[PDB]
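Notes follow once the structure below has been shown.
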Amino acid sequence: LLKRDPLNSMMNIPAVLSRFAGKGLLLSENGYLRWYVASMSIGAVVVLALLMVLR
Amino acid sequence: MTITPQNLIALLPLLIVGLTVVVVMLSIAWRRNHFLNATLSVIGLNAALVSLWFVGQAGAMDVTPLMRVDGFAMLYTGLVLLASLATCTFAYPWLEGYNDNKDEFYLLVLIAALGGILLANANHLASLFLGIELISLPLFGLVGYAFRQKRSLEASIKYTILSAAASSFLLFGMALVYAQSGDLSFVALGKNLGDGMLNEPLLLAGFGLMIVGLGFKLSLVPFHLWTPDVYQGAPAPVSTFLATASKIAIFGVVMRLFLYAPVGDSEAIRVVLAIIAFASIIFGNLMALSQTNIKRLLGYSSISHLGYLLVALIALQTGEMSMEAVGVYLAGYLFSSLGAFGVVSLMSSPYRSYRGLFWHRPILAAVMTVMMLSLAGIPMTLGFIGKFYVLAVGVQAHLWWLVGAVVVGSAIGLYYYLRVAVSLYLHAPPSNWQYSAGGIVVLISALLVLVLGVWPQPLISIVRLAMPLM
Amino acid sequence: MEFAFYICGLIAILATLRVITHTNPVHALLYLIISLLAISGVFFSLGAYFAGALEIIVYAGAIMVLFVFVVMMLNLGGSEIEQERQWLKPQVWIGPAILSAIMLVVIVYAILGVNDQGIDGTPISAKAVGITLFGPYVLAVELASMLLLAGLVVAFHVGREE
Amino acid sequence: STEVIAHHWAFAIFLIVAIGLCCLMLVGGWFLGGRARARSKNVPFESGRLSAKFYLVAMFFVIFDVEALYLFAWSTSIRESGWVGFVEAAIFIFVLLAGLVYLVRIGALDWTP
Amino acid sequence: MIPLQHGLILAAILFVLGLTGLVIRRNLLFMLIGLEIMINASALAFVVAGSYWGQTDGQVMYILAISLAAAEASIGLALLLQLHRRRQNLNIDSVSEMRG
Ligand SMILES: CCCCCCCCCCCCCCCCCC(=O)OC[C@H](COP(=O)(O)OCCN)OC(=O)CCCCCCCCCCCCCCCCC
Ligand SMILES: CCCCCCCCCCCCCCCCCCCC
Numbered sequence: 559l560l561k562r563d564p565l566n567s568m569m570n571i572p573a574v575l576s577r578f579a580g581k582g583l584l585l586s587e588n589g590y591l592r593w594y595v596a597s598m599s600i601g602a603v604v605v606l607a608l609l610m611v612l613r
Numbered sequence: 001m002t003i004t005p006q007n008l009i010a011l012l013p014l015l016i017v018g019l020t021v022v023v024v025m026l027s028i029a030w031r032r033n034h035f036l037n038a039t040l041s042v043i044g045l046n047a048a049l050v051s052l053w054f055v056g057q058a059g060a061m062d063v064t065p066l067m068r069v070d071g072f073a074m075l076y077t078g079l080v081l082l083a084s085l086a087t088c089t090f091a092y093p094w095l096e097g098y099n100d101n102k103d104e105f106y107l108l109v110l111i112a113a114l115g116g117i118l119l120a121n122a123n124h125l126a127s128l129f130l131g132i133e134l135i136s137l138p139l140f141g142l143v144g145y146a147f148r149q150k151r152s153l154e155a156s157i158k159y160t161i162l163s164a165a166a167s168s169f170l171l172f173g174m175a176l177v178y179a180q181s182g183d184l185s186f187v188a189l190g191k192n193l194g195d196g197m198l199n200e201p202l203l204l205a206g207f208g209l210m211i212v213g214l215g216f217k218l219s220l221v222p223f224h225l226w227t228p229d230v231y232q233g234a235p236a237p238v239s240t241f242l243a244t245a246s247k248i249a250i251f252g253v254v255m256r257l258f259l260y261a262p263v264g265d266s267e268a269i270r271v272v273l274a275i276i277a278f279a280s281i282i283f284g285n286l287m288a289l290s291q292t293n294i295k296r297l298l299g300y301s302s303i304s305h306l307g308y309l310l311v312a313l314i315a316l317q318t319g320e321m322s323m324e325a326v327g328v329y330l331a332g333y334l335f336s337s338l339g340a341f342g343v344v345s346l347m348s349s350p351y352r361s362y363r364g365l366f367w368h369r370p371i372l373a374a375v376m377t378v379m380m381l382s383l384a385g386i387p388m389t390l391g392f393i394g395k396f397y398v399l400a401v402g403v404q405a406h407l408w409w410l411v412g413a414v415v416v417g418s419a420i421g422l423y424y425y426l427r428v429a430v431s432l433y434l435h436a437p445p446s447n448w449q450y451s452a453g454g455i456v457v458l459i460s461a462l463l464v465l466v467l468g469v470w471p472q473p474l475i476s477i478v479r480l481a482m483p484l485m
Numbered sequence: 001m002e003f004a005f006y007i008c009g010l011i012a013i014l015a016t017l018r019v020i021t022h023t024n025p026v027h028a029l030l031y032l033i034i035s036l037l038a039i040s041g042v043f044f045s046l047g048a049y050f051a052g053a054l055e056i057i058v059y060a061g062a063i064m065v066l067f068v069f070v071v072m073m074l075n076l077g078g079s080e081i082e083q084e085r086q087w088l089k090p091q092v093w094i095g096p097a098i099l100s101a102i103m104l105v106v107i108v109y110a111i112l113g114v115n116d117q118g119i120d121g122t123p124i125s126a127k128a129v130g131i132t133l134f135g136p137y138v139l140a141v142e143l144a145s146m147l148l149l150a151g152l153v154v155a156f157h158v159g160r161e162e
Numbered sequence: 006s007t008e009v010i011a012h013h014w015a016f017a018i019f020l021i022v023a024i025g026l027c028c029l030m031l032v033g034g035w036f037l038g039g040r041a042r043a044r045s046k047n048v049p050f051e052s053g063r064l065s066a067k068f069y070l071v072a073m074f075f076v077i078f079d080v081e082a083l084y085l086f087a088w089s090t091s092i093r094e095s096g097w098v099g100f101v102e103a104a105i106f107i108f109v110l111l112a113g114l115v116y117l118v119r120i121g122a123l124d125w126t127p
Numbered sequence: 001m002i003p004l005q006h007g008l009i010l011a012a013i014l015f016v017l018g019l020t021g022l023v024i025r026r027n028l029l030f031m032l033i034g035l036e037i038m039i040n041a042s043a044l045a046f047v048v049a050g051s052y053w054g055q056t057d058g059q060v061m062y063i064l065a066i067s068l069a070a071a072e073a074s075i076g077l078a079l080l081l082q083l084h085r086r087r088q089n090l091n092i093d094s095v096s097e098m099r100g
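Chains as they are written, first to last, in the authors' numbering: chain L, 559 to 613; chain N, 1 to 352, 361 to 437, 445 to 485; chain J, 1 to 162; chain A, 6 to 53, 63 to 127; chain K, 1 to 100.
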């Protein structure tokens, strides 16, 4: 049962989590300028709303 | 406030670079000579770098209702000037293969260096805006210098549209800030508030729009999506300049703005910048895991390093060595990015695969692996000294989430930086003194990284000498 | 004074709404010129006489002339522009409009929560603006000249025909 | 005061009457006169791609018009600015003329090839 | 007697309308038009802020704003001219070769 080193896979779980998160986050870099402007406006809305909530 | 001769001698790098712009422009008007115009630009930038000595002996004073000169301004002016000099040195062998006019490149580099010096010396919203635009617009020209190429034109269009949007965002932000306060000086941004009422909504919204513009300009999440495309599509000396000089000047003016303003110690602004820095570190490190292109990888690296910079930014009002940490980190990051993008430029020159680089270009492979160890914060490198400074500043102010983000992003950066540095030595299937000069530039950059990673005390003393006014 | 300000602001808002929802580039530029004239009227209502004079001299007299020049040289007959109308298609525009809407409500919340003693409308002449421009703002003038020079060099290098 | 508001009323009447005059000129021209049809009447009169130099000329007009606005702001306040402002404007015009000479010598302002 | 808040509201409305036109339009010319609207709205806000405090700083910042607007319009229209010259279209979604 232990010949496949289960604790090694348990600590390799963060590696596959990082790989999956990077692959998911790379979908935002679609290369479209209109999406880049939309993301800038989204960040502006998020920053302004966070500043108004925490004030 | 009027201008005195002492104020003129405080204006020395700005005046020298402007005179260099005029002289190079008139020399281009006389006769298109690539070598002589490049020599004039390098001579002017080196003259400003030398005249920083006279600026230092002039003392720290206020020249304008806009500008303030101190050791902080000298340090950032020197960083911007060194980045511009390296950009010209890398650009000459690349421009040897350009069929169209090559002489406008150095004019644009000089104007962008002028904007960087203004941003270093900026103590006003007008000077901040004009320095940002004076950096941005020559970079619009330089990114799309090879406009016949698909990638360069695409990157130029993206950078121009997005930076115009960020400029409008920033300008509306200072418009709201000036509507609240009534003075555009850095020291008066919130000075008319007391009794714990610093968090006025209009001032906070104006600073938030300013954060939107500057976080575009600093490749901070979520205004970071332009960085890999603009870094890849632009010419490699332009990528070098955009990685080093623009980021350093804009972060220096953000440092000065958040030190001097009374609103800079607001809790909501601190939490928003903590979120931005955390997301910037994590996203920039995660998105560079599977990049086979060196330029996009270094763009995501720039995002991560600016996240570490913002972590050092947040503890400005609490800690005491936050500016010293920022200066040490920025010197190390300038050296590392200059070396890495310079080897990329020398492999992309002249204008017409990093695997197996050691078997035909061993010196450049060694310089590249030194800088990719440096950007990973490996000891015996100056990037490690910068990361140690960032971690010490984070530990002092009890920014534990930021410290954990730095550690995790450092592990992910270690993965991809070592992947490239060991792909250098695998197996895969010039002849002018300017190319040798670029090789000498990247070699001295690597030697400086190694020496100041083993012996960081002179750089620490130099940065501690560059103390701004209290 | 206030009546002219509110009428000009309403005209500018409606004209800008017409620009951002139009298919003809020349009609959009004409509505943009009309909005610039209205914002100039707003500037003249607030006592910033030089600002309105520069809006019609420079913004409505040089920059929009350049835009109209470019649209003339493109000969834009609406190829795959009028035949698409994708901005008028709802599921494209619902998102960004609600984004700008919530941003507008946040900015309005910021604006309404500030002290307002009113604008007295005292006329600020161009002489005082010139005194300030060549007084406490001299590096701004010289580096703005350098910025215009940089834009000159950049757009000459890009916009050649050969 | 009464004089300033009377001046404002006179200016408003001037603008309104001028606009109404050209509008009524159009109304009279369109309403009066008989209309008749021909086959080639609707065809444009053509006696039975544009270069980028137009864009360059308009661009130079825009840039030098912004520097002209700077000199407009200077010229109305020349005496209060003193010799210092004269030196600043001399530097400004020196940069302007250097850019103009650079545009001249590289053939940017040369229409003919 | 004009409230500062109403002028700031007008400038914000024009700013967000320019941003909407910048986002929802594929044509690069309309995005340049929207960018001009945003920077002109920011200049309007700065003029209103300068006029409330009785200072020339608002008009000076307006002058810097329109200098940036003129030079940015010049550069953006040069880029649009080259895009139309070599691509024969103004679709900004078509130039998306660099991704990931
Ligand atoms: C009538 C209903 C609407 C009909 C359709 C639209 C017609 C045009 C409406 C806008 C223009 C006219 C607005 C009304 C102005 C009347 C005069 C006025 O209100 O003057 C007040 C003030 C005078 O100066 P001030 O010193 O402030 O006065 C205080 C008293 N001593 O004045 C000022 O300070 C400045 C006055 C305004 C600025 C000058 C005029 C600007 C014109 C902009 C036109 C924009 C394009 C319009 C296109 C219309 C068709 C689509
Ligand atoms: C081909 C590429 C097309 C890209 C189009 C991009 C459109 C972006 C639309 C964004 C809509 C946001 C809606 C609101 C989201 C929630 C509120 C803001 C974040 C808190």
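For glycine and all other residues, C-beta sits at the position ideal for the given N, C-alpha and C.
- Task: Assign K247/N to one of two classes, buried (16 or more other C-beta atoms within 10 Å of its C-beta) or exposed (fewer than that).
- Result: buried
- Query: Do we get a CB-CB distance below 9 Å when we pair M568/L with the residues of chain N?
  - Reply: no
- Query: Is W125/A buried or exposed, if buried means 16 or more other CB atoms sit within 10 Å of its CB?
  - Reply: exposed
- Task: Below 8 Å CB to CB, which residues in the same chain sit around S348/N once its five sequence neighbours on both sides are set aside?
- Result: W94, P235 and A236
- If you run the structure through DSSP and keep just helix, strand and coil, what is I119/J? strand
- Item | Run of the alpha helix (DSSP H) containing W408/N, from where it starts to where it stops | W408 to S431
- Looking at chain N, which residues of the region 36-48 of chain K have a Cβ within less than 8 Å of any of its Cβ atoms? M38, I39, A41, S42, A43, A45, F46 and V48
- Message: Just to confirm, is the Cβ distance from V58/J to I66/K under 9 Å?
- Response: yes
- Query: With 16 as the cutoff for other CB atoms within 10 Å, does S152/N come out buried or exposed?
  - Reply: buried
- Query: Is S45/J near ligand 1, with its Cβ less than 8 Å from a heavy atom?
  - Reply: yes
- Note down the Cα distance separating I132/N from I21/A, rounded to an integer number of angstroms. 45 Å
- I600/L: contacting residues in chain J (beta-carbon distance under 9 Å): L99
- The alpha helix (DSSP H) enclosing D57/K, as first and last residue numbers: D57 to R87
- Task: Name, going along the chain, the residues of the region 71-86 of chain K whose beta-carbon falls closer than 9 Å to a beta-carbon of chain L.
- Result: none
- Message: Quick check: is the beta carbon of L585/L nearer than 9 Å to any beta carbon in chain J?
- Response: no
- Message: Against chain N, with Cβ distances strictly below 9 Å, would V574/L count as a contact?
- Response: no
- Query: Residues with a Cβ closer than 6 Å to any heavy atom of ligand 3, in chain order?
  - Reply: Absence of ligand 3 is noted for the structure shown, with ligand 1 and ligand 2 being the only ligands found.
- Message: Counting only Cβ-Cβ distances shorter than 7 Å, please list the residues of the region 9-27 of chain K near chain A, keeping chain order.
- Response: none
- Query: Name the DSSP beta bridge partners of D563/L, please?
  - Reply: None; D563/L has no bridge partner.
- Cβ neighbour criterion (16 or more within 10 Å) applied to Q6/N: exposed
- Can you name the residues of chain N whose CB is closer than 8 Å to the CB of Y137/J? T64, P65, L66 and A126
- Message: Run through chain K and tell me which residues come within less than 8 Å of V109/A, C-beta to C-beta.
- Response: Per Cβ cutoff of 8 Å: no residues; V109/A is ~14 Å from chain K at best.
- Item | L289/N beta carbon less than 9 Å from that of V115/A | no
- Message: In this structure, how does DSSP classify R256/N when only helix, strand and coil are distinguished?
- Response: helix
- Top-ranked residue by Cα proximity to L313/N, from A83/N, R270/N and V55/N: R270/N
- Query: Does at least one heavy atom of ligand 1 sit under 8 Å from the Cβ of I34/J?
  - Reply: yes
- Message: Closer than 8 Å to a non-hydrogen atom of ligand 1 - does that hold for the CB of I10/A?
- Response: yes
- Would you call the region 44-52 of chain N and the region 198-210 of chain N touching, i.e. three or more CB-CB distances under 8 Å? no
- Task: Starting from the C-beta of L70/A, find all residues in its chain whose C-beta is less than 7 Å away, skip the five residues before and the five after it, and write them out in chain order.
- Result: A122
- Query: In terms of DSSP beta bridges, what is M74/N paired with?
  - Reply: In the DSSP output, where bridge partners are listed per residue, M74/N has none listed.
- Sub-9 Å separation of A331/N and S84/N beta-carbons: no
- Query: What's the call for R42/A, buried or exposed, on a 16-neighbour Cβ count within 10 Å?
  - Reply: exposed
- Unbroken alpha helix (DSSP H) run spanning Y397/N, endpoints: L390 to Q404
- Query: Cβ of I13/J within 8 Å of any heavy atom in ligand 1?
  - Reply: no
- Item | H84/K versus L77/K: straight-line alpha-carbon distance, rounded | 10 Å
- Inter-residue Cα distance where the pair is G421/N and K89/J: 43 Å
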